[PDB]
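In structure tokens, the next block holds one chain alone, the form deposited in one PDB entry.
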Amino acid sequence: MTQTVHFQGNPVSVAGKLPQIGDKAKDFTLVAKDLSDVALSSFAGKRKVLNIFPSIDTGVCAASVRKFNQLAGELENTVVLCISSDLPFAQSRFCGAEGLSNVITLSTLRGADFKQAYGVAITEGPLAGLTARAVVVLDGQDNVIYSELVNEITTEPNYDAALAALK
């Protein structure tokens, strides 16, 4: 049913279960910056860092996208996917403004059942309808090699543990 994360300590309900090491991750379809629909299966044979966050237009989500963008640079055989409920238009504005060329931004504009399938759908309170903060790392065939449902939404995910799984 639900996971519990927090916002400045206040409990926030998140539906489903974040995928765990060993699970087969579900194929999903999300909206890329040209408004085309992009399936996880398009990335077959590459590893995938899914950096999931509430919104690129808030501060800690923006920090995680700069960070992963800088880290994507020296990753081997990996795509870094920045995923949220932002419209594709916000996401590309931010990456265009900040010179963040490595990440691929994807929106739940369409393909929203993703939130449900990846256990990141906030279901209650002022954040209901946004994704929680999470990192999922997937191998070339979409097996989970790492995941972290960030306990406190006002803190950044653990970048080093996430990318360790790629080594």
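Numbers follow the displayed sequence, beginning with 1. If you superpose the two forms and keep the largest set of C-alpha atoms that fall within 1.5 Å, you have the rigid core.
Keep in mind that the form deposited in another entry is missing from the display, and what follows is about it.
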Subject >> Residue from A44, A32, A63, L109 whose Cα, after superposing the rigid core, lies 2 Å or more away between the shown form and the other one >> reply: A63
Original post:
Any CA movement of 2 Å or more for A72 between the shown form and the other one, core superposed?
Top reply: yes
**OP:** Establish whether a shift of 2 Å or more occurs at the C-alpha of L100 between the shown form and the other one, with the two forms superposed on the rigid core.
**Re:** yes
Original post:
Between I153 and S64, does the Cα distance in the other form come out closer or farther than in this form, changing by 3 Å or more?
Top reply: farther
Original post:
Taking the shown form as reference, are the C-alpha positions of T123 and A62 brought closer or pushed farther apart in the other form, with a change of 3 Å or more?
Top reply: farther
